[PDB]
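Chains as they are written, first to last, in the deposited numbering: chain R, 405 to 496; chain R', 405 to 496; chain A, 219 to 743; chain A', 219 to 743. A prime marks a further copy of an entry chain.
Cβ coordinates follow ideal geometry from the N, Cα and C atoms, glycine included.
What follows is a set of notes on a single structure, which appears directly below.
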Amino acid sequence: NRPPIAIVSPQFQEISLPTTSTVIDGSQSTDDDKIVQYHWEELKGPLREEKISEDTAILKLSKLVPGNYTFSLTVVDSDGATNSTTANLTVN
Amino acid sequence: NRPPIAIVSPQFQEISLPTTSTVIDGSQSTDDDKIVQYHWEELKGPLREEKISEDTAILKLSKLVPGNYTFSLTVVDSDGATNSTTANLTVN
Amino acid sequence: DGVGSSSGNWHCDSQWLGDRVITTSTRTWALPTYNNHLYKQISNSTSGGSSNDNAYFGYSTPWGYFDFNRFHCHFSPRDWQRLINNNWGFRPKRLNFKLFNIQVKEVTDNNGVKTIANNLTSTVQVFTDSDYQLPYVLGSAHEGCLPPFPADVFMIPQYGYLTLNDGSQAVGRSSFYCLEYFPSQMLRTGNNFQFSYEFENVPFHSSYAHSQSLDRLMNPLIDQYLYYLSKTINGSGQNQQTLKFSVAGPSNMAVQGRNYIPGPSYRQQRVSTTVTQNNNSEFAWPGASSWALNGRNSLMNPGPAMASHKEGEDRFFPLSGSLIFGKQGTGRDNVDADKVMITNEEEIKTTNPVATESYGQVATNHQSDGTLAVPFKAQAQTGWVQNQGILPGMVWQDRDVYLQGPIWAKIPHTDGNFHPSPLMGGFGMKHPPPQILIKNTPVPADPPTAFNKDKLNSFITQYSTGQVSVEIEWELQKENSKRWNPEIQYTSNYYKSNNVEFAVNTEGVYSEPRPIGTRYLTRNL
Amino acid sequence: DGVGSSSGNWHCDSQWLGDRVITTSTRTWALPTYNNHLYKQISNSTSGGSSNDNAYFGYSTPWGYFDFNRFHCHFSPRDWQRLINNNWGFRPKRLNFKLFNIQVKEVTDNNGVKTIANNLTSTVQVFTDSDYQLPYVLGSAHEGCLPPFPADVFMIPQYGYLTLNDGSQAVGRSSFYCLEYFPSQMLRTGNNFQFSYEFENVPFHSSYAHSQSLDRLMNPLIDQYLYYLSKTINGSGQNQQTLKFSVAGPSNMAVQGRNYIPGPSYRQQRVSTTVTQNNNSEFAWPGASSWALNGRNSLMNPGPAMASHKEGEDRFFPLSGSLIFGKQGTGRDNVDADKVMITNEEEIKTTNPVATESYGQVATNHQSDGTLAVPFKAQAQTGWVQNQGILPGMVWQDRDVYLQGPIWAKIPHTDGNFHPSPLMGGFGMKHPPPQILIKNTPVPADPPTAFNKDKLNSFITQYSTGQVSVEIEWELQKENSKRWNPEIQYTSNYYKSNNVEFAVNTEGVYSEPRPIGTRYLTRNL
């Protein structure tokens with residue numbers, strides 16, 4: 405009964421706007437059984453009129469303001485074991 | 405969902421010993437579904453070294469002392485509805 | 219028959235009768251005992267886990283299967299030159315698979331000393347899945363096929379199929395085919411095996427590039443008596459709508475009326491070989507075409523036959539839309555761009571839309587300038603067509619087959635399909651040549667004196683050797699074009715170089731430098 | 219014939235001609251040299267003693283015998299599904315036993331190093347007891363039969379019979395059959411053995427459960443013009459005897475007159491799988507049905523075909539009245555309840571009395587209330603019938619055969635018997651398929667230079683290997699029931715699980731999860 409292995413890639417990224425739109429793949433989630441869901445939550449971000457809550461494997465970002473970002477991918481398997489790995493995104 | 409109909413026969417009986425052994429049929433238990441169990445309990449009897457507790461459809465009695473007896477047949481169906489009818493046995 | 223008598227002679231010639239090319243081939247095979255003669259099941263649960271997309275559930279059968287569905291198993295590069303240079307198509311016609319000259323050898327390991335002495339009695343089983351009642355696994359270019367260079371002795375790949383899998387757990391429909399449940403044939407060092415197979419009527423492959431662009435099919439000297447709408451406003455101003463037609467001639471060939479339109483399109487991401495131009499982000503997986511049935515994604519590799527790049531953009535190539543063969547001596551994974559050779563498809567840019575381009579545009583609203591009681595002044599806006607399905611009268615050309623490319627692939631037994639030409643290239647056959655699964659029988663070492671009901675897991679290690687010969691007669695369609703400009707042909711450059719192309723290196727490793735297409739001659743639309 | 223030529227090809231297919239099911243099978247056999255080529259006698263006196271019941275006296279012959287009287291030797295579970303799902307019975311029709319591809323191997327032990335080199339000269343004897351003049355030992359489900367999974371290589375079980383025994387000492391009638399005293403056949407690594415056997419006229423097995431309870435065989439809409447005694451006293455009181463009859467209709471189906479009565483009964487002890495309900499005492503041996511001829515007890519296992527439990531009491535099962543097969547990987551003795559799978563028989567509760575129930579009741583005295591000069595006032599007392607012999611017009615159904623269950627069993631050569639259907643299930647044949655006893659001949663190592671008259675006890679250790687193939691054509695009786703409610707069939711549950719049922723585990727061990735009966739279709743009485 406191995407717990408899932410959550411591998412978010414790329415881990416570190418440097419992006420300078422008029423191309424704020426950035427995607428970090430989260431589909432590289434190793435487990436014996438099916439990954440029932442993916443959960444994305446941004447722990448830290450500069451104040452923005454919106455807050456990042458999604459369930460997609462490939463997270464889509466748009467309208468990124470300058471600052472430092474730290475996103476957290478939480479995966480759950482069939483049994484229920486959860487492994488959370490954090491991703492750091494930086495915009496110039 | 406009709407409740408079971410418990411019909412104990414014979415209802416009334418007069419027996420004088422050296423033939424104490426008497427059987428009162430309880431298998432005449434009308435219901436739509438199977439009668440899951442029969443329960444026999446004697447409400448009143450002259451003090452005896454034994455007490456009548458059984459689950460058989462045809463109650464077997466032996467070693468009956470003089471006095472008045474009142475037996476109670478309780479039937480339960482598949483659903484759980486219970487109908488209890490009492491039987492009166494008298495020995496001379 | 220008998221130990222001291224060869225059971226079949228080594229045929230490797232390649233006859234050229236004329237309109238028939240019998241291409242015999244023979245290589246020496248060595249077959250170990252896989253999985254210790256067991257049927258261990260495989261899942262990502264056992265292989266250490268995987269993503270949601272990569273989950274699988276299948277069985278690791280101990281049989282080895284001879285695979286020869288790659289063009290360079292049969293065609294020596296000189297024959298492939300003689301077949302692409304002057305021929306307009308070919309198709310297999312028959313097969314002949316002689317498995318002869320088996321010798322089974324017993325390996326003994328005492329004090330780490332390897333002593334190999336042959337068993338004149340042990341038997342090796344062979345049988346052909348002649349009703350396709352097994353999961354067909356020939357037809358993904360699985361790297362186990364016959365050695366490009368004849369001398370090369372190869373190891374027979376293991377046979378293991380996949381079935382349904384809800385995650386890594388099987389379902390009720392998950393089938394388990396036990397190979398021994400098939401009537402085998404037992405060869406014991408003096409016997410030979412042979413089945414003849416007749417290829418079904420598979421259409422001639424297109425060994426020619428079109429010398430007439432599908433959008434330049436007309437006559438450049440005569441108008442076309444079909445007027446096209448040319449102007450819509452007389453001149454710059456307020457309230458000056460008009461409707462002026464004009465004839466569509468040679469001066470304006472874009473708006474010319476046309477009978478046929480280019481084939482399907484499923485847009486691929488564009489990646490440029492000059493690494494500087496690609497964007498500075500990891501778009502390998504996120505941002506590539508995928509079809510994703512049953513909720514699990516999968517790259518649209520290589521997808522529908524589409525031209526790799528527009529004329530003059532050589533450096534580009536679609537992300538997941540071209541076969542990319544690895545040159546000899548290349549690493550299994552994370553190799554640089556120069557150690558893998560990419561098959562570009564500029565050869566069918568005529569009758570196929572460019573893989574990285576967006577197949578025209580379709581208008582999305584009505585250009586009703588002034589409407590009655592609901593005024594919007596909406597201009598005619600156009601939207602692109604990233605993916606376009608097959609319409610009435612659409613022509614296209616199927617993908618090319620390369621020397622290092624597959625031949626056949628079983629058409630899945632489904633209630634319907636359209637143009638079953640395997641997207642990797644080759645021929646689509648409802649009844650392809652069968653698998654030939656070979657297993658050397660277990661021989662238990664020394665069972666106990668006392669009875670024991672277990673599976674007798676102690677077998678003596680052994681393997682096999684022999685030769686395998688695949689004679690597969692092709693049928694040609696000779697070319698009779700009245701072209702006057704000299705045709706374009708495939709040649710090997712005359713220039714001094716350390717090694718001859720398609721010839722062995724100083725160490726003996728046979729190196730194929732480039733993939734060879736089969737579309738060199740030219741045939742007008 | 220010859221070392222370098224296989225003496226027979228591996229047939230394992232299972233043809234389905236229609237009304238005939240030829241089920242070939244082949245497995246690899248390894249046969250050691252049992253008992254060092256001697257005929258040591260066995261008794262409990264040598265095996266360390268035993269109870270009075272377990273005493274035996276028999277000989278341990280060094281021959282190994284091929285046993286294939288289990289249904290899963292031939293029928294792959296898919297074939298067994300195709301044979302129980304839609305068929306109303308089957309019976310073997312022929313046999314064909316090819317023993318081919320022998321190879322004899324010599325084992326040398328020097329300094330504890332095992333070097334195995336084959337003897338191209340040593341011979342292995344085979345012969346079939348084709349007149350049953352040997353003690354038949356096939357027919358107790360002795361665990362040595364052919365491997366459920368074809369690949370599985372098995373060890374041939376040893377042949378040893380039992381004779382009469384007064385305690386552990388033989389008597390005058392105790393027979394001693396010397397196997398070599400039979401005309402053998404010697405195979406020496408290039409020969410093959412084959413006998414064809416014709417099955418006698420054995421009745422069709424009952425592959426169907428009855429869809430009409432034997433006590434509900436009547437018409438529920440019409441009375442029966444046979445009056446039954448209903449009342450005997452008018453009402454509660456003194457001296458009120460009477461005799462009132464009434465018609466036996468549908469309102470009271472218990473007293474309905476019936477042509478036929480359920481089959482025999484030999485009451486078994488009741489044990490419940492929910493371990494809490496069983497009594498807290500060791501009633502394994504004391505309190506189980508036994509027949510005990512010649513003064514030694516023996517469990518009535520499994521006894522006369524009797525239904526395991528009354529409708530709705532699934533947890534129960536008779537103590538010694540059901541075949542209880544062990545799942546793969548189970549211990550030899552003292553295994554828990556979950557590691558052994560129990561064959562319940564609810565499928566013939568229609569026409570057989572429940573195994574744990576007491577087959578009705580029989581009156582034991584006369585209900586003569588007032589007698590002349592000998593007054594007793596004896597009420598009609600009834601006693602139960604724990605065991606009931608076969609009466610006039612009694613019908614019953616023989617026991618089921620499971621996939622892991624025996625096929626045949628020799629009917630003992632006795633002056634009489636009744637319904638010889640082996641109680642474990644299967645077919646009763648006066649002339650079953652013969653034993654095939656195989657022994658590899660002794661080859662003395664190196665006798666002295668000087669003469670010596672002893673038995674030359676120094677032989678060189680060796681064993682054998684090959685294949686064995688048993689083609690046994692069955693005959694089917696197709697079903698043509700006009701039932702409208704969909705039949706009940708055998709299926710494998712569609713639900714994700716770690717392993718496919720009847721498929722190999724990650725390690726390669728073939729696991730059969732449940733016993734498969736053969737009574738699924740329904741046929742009215």
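Pull up the distance between the alpha-carbon of residue i and that of residue j, whole angstroms please.
i         : j         : result
A/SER454  : R/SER457  : 50 Å
A'/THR492 : A'/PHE501 : 16 Å
A/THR632  : A'/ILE320 : 46 Å
R'/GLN441 : R'/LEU447 : 19 Å
A/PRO731  : A/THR407  : 39 Å
A/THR241  : A/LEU313  : 10 Å
A'/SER223 : A/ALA663  : 22 Å
A'/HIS290 : A'/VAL686 : 15 Å
A/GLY357  : A/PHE543  : 15 Å
A/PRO310  : A/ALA359  : 18 Å
A/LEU674  : A/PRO666  : 10 Å
A'/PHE367 : A'/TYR728 : 7 Å
A'/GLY684 : A'/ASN254 : 21 Å
A/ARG476  : A/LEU621  : 36 Å
A'/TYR277 : A'/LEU397 : 11 Å
A/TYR577  : A/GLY643  : 22 Å
As a quick exercise: from the options, pick the residue whose alpha carbon is nearest that of residue i.
i         : options                                       : result
A'/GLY505 : A'/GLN597, A'/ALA523, A'/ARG514 and A'/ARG485 : A'/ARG485
A'/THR339 : A'/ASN723, A'/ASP219, A'/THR548 and A'/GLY544 : A'/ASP219
R'/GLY449 : R'/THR434, R'/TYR473, R'/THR460 and R'/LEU465 : R'/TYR473
A/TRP602  : A/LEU432, A/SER483 and A/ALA359               : A/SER483
R/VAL469  : R/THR489, R/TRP444, R/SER431 and R/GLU453     : R/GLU453
A'/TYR426 : A'/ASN304, A'/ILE260 and A'/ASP285            : A'/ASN304
A/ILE440  : A/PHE417, A/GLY467, A/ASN419 and A/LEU447     : A/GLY467
R/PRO408  : R/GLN432, R/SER425 and R/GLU418               : R/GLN432
A'/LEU609 : A'/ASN497, A'/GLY481, A'/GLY588 and A'/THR659 : A'/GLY481
A/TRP509  : A/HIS428, A/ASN605, A/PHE594 and A/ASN562     : A/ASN605
A'/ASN519 : A'/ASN675, A'/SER540, A'/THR333 and A'/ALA525 : A'/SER540
Going by DSSP in three states, residue i sits in which element: helix, strand or coil?
i         : result
A/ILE302  : helix
A'/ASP297 : helix
A'/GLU398 : helix
A/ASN253  : helix
A/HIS527  : coil
A/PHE308  : strand
A'/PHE422 : coil
A'/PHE289 : helix
A/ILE625  : coil
R'/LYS464 : strand
Could you pull the DSSP bridge partners for residue i from this structure?
i         : result
A/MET559  : A/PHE543
R'/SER433 : R'/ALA410
Who are the near neighbours of residue i in its chain, counting only those whose CB is closer than 8 Å to its CB and skipping five residues on each side?
i         : result
A'/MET647 : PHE417, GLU418, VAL420, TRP626, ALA627, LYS628 and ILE629
R/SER488  : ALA410, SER476, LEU477, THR478 and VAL479
So, at 6 Å on beta carbons, what are the nonlocal neighbours of residue i in its own chain, with the 5 sequence-adjacent residues on each side left out?
i         : result
A'/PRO652 : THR346, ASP347 and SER348
A'/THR600 : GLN579 and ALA581
A'/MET373 : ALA248
A/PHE284  : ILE654 and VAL686
Does at least one heavy atom of the ligand HEM sit under 6 Å from the Cβ of residue i?
i         : result
R'/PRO422 : Annotation note on the ligand HEM: not contained in the displayed structure, which lists no ligands.
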